[PDB]
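Take a look at the structure set out below.
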Amino acid sequence: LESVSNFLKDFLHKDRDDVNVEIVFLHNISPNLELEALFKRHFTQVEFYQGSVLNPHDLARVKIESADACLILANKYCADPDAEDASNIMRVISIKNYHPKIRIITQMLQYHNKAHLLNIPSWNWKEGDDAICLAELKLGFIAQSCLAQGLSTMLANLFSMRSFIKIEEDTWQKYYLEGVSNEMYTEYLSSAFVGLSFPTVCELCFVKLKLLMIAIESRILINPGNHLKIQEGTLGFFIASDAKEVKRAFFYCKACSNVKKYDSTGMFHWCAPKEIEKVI
Amino acid sequence: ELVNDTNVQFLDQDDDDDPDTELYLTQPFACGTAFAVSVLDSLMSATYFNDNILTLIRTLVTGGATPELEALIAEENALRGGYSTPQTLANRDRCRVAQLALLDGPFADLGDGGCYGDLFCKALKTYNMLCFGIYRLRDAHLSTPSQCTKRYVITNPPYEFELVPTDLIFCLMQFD
Amino acid sequence: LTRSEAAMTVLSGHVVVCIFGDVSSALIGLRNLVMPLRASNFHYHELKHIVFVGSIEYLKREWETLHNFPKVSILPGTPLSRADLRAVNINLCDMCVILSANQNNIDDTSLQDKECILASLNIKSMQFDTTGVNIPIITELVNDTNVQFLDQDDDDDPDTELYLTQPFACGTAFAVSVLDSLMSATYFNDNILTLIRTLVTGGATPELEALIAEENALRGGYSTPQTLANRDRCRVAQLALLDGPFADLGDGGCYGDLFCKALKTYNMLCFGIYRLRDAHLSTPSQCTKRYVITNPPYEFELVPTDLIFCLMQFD
Ligand SMILES: [Ca+2]
Ligand SMILES: [Ca+2]
Ligand SMILES: [Ca+2]
């Protein structure tokens, strides 16, 4: 109940789409008590099958060869995080051993274990396989909040699917819920924007068609400088109330040196390894 | 960091508590003083429907680590330092997230009841700032003064939105 | 050794023994791995160097069982870290052996073999200035069903007996359960256990059992003509059929003729071949994996790429 409820209420959200998906859970332990009530509430697009994802007959029972993706959820409160991650990598290799082409999304408790996931020969993030590392993202949201307090709650609100709740009173919740109503979305930039510089198209999309644009695919660039200009076929990252509002980012024409200071890549600062007695 | 998100009710005493309330509605979460791993549960669904989201969030949050760093750390398990070069230095030229006080010289001219859209447009053209929200004092809309210094988060305000002089601006700013 | 010392210590043709283990874990019994590799059957230049990679806290409380053997080394580390395996030149070894002491401390059929499977995948997936998939590995499995996760270019079904599976047929997986049938085999014929022990242990005889029973350590002695006479016994070997004396017949020729000439000229008594998994197929393939043919019939056909299992005399 504690692992799937927050997931279901966002996957099956009222504002999501006209077409449904998912419907398949499998787990070795039966859904006792309240969990089954939660399945009843969603019975028209949720089904549970008792089984273990290590057994290829159970993978056949839930028709893995036909699934769009497989989602692996972690025991966030386990006594041995590396045991959980090794277990979930065992689940990943079971699934990939059964079927090369299924897309996999998995929760990882500790960062270093993500390396193991890359050893599997049929895994490729270029095709949308990826791992959500909870320690990495938790401590990162906190770290960015040390630079700008409140940023963790901003980022956390950009994923969860939320409507615009209207509030008639003047309390802080009114303005807050207005801000909560949007999500991070993405769309390909209309050819009308090609050949000219990123700040100008941010200004255009914000002013004229009310979209806030954060980043572009020059692999993945947040807020790139005025020297950089839009190539054809580029993908933009937008903050917006609903996905349908972002499509006018496409449907548009004229509508109206001797010392080591850094890591080997230059991405992070670095220094020689200190004994702990030097820093205590 | 909270292990159990219901315990959020004990962090503040000048607020209203009810255990049926979702965490995101509560005052210490809206202010960004509480965080719980459960708010990442919906990142599963968000990542299924759009694989680009996890990419953006990782580059925005990790400091910008790319697959080359993942490979280097996977091989060596420690961050290996290196001598600087023009390409090494080129990798520094990316944006960092920042908070700006609206009382500062370049923007106090407009943090007087003025317009968030105008602030966005001038900061974008003159400094490439791309400010994406404000951090607003919890009582600043009230007519009475207050001693409360607590602030809460407004993401992507509309163009016409009104700027009180005490506000803080979330923004992305270039290297120098 | 530390990783820098190992990296400058040029190792090749060696044996790397990756051990998952812990201060409190059950003792593996590593003397029995080292002794067959230290039979007087080999010349001192012929002995393969042995490197243990693992917890020194585990290895310390076993060292006194094997400290009387030459060409043995320890790297304190983990089989899961690329840096350690690069330091011990994993791409140049003759064998990588993967073992776990932690077989009994948790029972869930998944949790029994996690580390060994991850280690084998970690080695396979490496790159060297070749990829690591060509490295010879043998993995001990606690639960034989987990064999299905060791290879990905094969067909899996849990109802399959272990001996039918590809990594077992290739000799890259081993499980204690394959010794269950040694009970029955020994009941019906007491000579089998005798032969297998002399073939497998390095040839230990009851005098060694008595000496070890009394002293619990292998006591060294000064050499004599009789001491040296005990060296003149056969050792098991693999021969590449591309070698000068036999490439004349490894061209589509006859296994029986190969047997007969190698037996008369060298007393070789070759008892099987190790055949590339795709060598019967018409198309070329990049797969270097081999599987075992025991006692082929006289008329059996010899492809030039084959390896010969044989027994060869001392010199
Ligand atoms: Ca939202
Ligand atoms: Ca309270
Ligand atoms: Ca397999």
Other chains' Cβ within 10 Å of A:201-212 residues: what's the mean? 3
Rounded to the nearest 500 deg cm²/dmol, what is the calculated helix-only ellipticity per residue at 222 nm for chain C, with -39500 (n - 2.57) per DSSP H run of length n ≥ 4? -7000 deg cm²/dmol
Less than 10 Å Cβ to Cβ from C:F174, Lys/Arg counted +1 and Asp/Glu -1: what total charge do the surrounding residues give? -2
Going by C-beta contacts inside 10 Å, put C:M35, A:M90 in order with the fewest on the left. C:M35, A:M90
Net +/- balance of residues flanking B:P157 in space, Cβ distance below 14 Å, scoring K and R +1, D and E -1: -2
Classify the range C:182-239 from the C-alpha gyration tensor, please: rounded if a/c falls under 1.5, else prolate or oblate depending on whether a/b exceeds b/c. oblate
Estimated FRET transfer efficiency when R0 is 51 angstrom, pair C:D153-C:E207 (beta carbons, to 0.05): 0.60
What pairs from A:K96/C:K114; A:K63/A:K96; A:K114/C:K124; A:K76/C:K114; A:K76/A:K96; A:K14/A:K76 go past 21 Å between their alpha carbons? A:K76/A:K96; A:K14/A:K76
When a footprinting reagent is the concern and you count Cβ atoms within 10 Å, what order do B:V39, B:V3, A:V62, C:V15 take, fewest first? B:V3, A:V62, C:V15, B:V39
What residue among B:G81, B:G32, B:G114 shows peak mean-square fluctuation when chain B is described by a Gaussian network model with Cα springs under 10 Å? B:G81
Take the Cα atoms of the protein assembly as shown, find their three principal axes, and give me the spread along each one in whole Å, biggest first. 108, 66, 55
Specify whether the C-alpha gyration tensor of the range C:166-274 places it in the rounded, prolate or oblate class, a ≥ b ≥ c being the square roots of the eigenvalues: rounded for a/c under 1.5, otherwise prolate if a/b is larger than b/c and oblate if not. oblate
If you average the alpha carbon positions of the range C:214-235 and of the range C:29-78, how far apart do those two centres end up, in angstrom? 19 Å
Where does the charge balance sit around C:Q148 when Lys and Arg score +1, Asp and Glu -1, over other residues with C-beta under 9 Å from its C-beta? -4
Measuring from centroid to centroid over Cα atoms, what is the spacing of the range B:138-166 and the range A:16-71 in Å? 45 Å
Once the piece of chain linking C:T294 and C:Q238 is laid out straight, how much longer is it, given 0.36 nm per residue of separation minus the C-alpha distance between them? 18.8 nm
Looking only at other chains, what is the average number of their beta-carbon atoms within 10 angstrom of each beta-carbon in A:170-182? 6
Please give the average number of partner chain Cβ atoms lying within 10 Å of the Cβ of each residue in B:152-163, rounded to a whole number. 6
For B:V8, A:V46, order by how many other beta-carbon atoms lie within 10 Å, fewest first: A:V46, B:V8
Charge dipole of chain A about the Cα centre (unit charges at C-beta), most positive-ward option of A:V279, A:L228, A:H116: A:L228
Only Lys, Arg (+1) and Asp, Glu (-1) charged, at Cβ; the protein assembly as shown dipole about Cα centre in debye: 2140 debye
The range A:103-177 and the range C:94-116: distance between their alpha carbon centers, rounded to Å: 34 Å
Rounded to the nearest 20 Debye, what is the dipole magnitude of the range B:1-86 about its Cα centre when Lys and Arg each give +1 and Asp and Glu each give -1 at the C-beta? 680 debye
Based on DSSP H runs of at least 4 residues, each adding -39500 (n - 2.57), what is the mean residue ellipticity at 222 nm of chain A after dividing by all its residues, to the nearest 500 deg cm²/dmol? -9000 deg cm²/dmol
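Positions of Cβ are generated from backbone atoms using ideal geometry, with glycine treated the same way; all protein chains shown enter the neighbour counts. Read the figures in this text as sums done on the coordinates, not as results from a lab.
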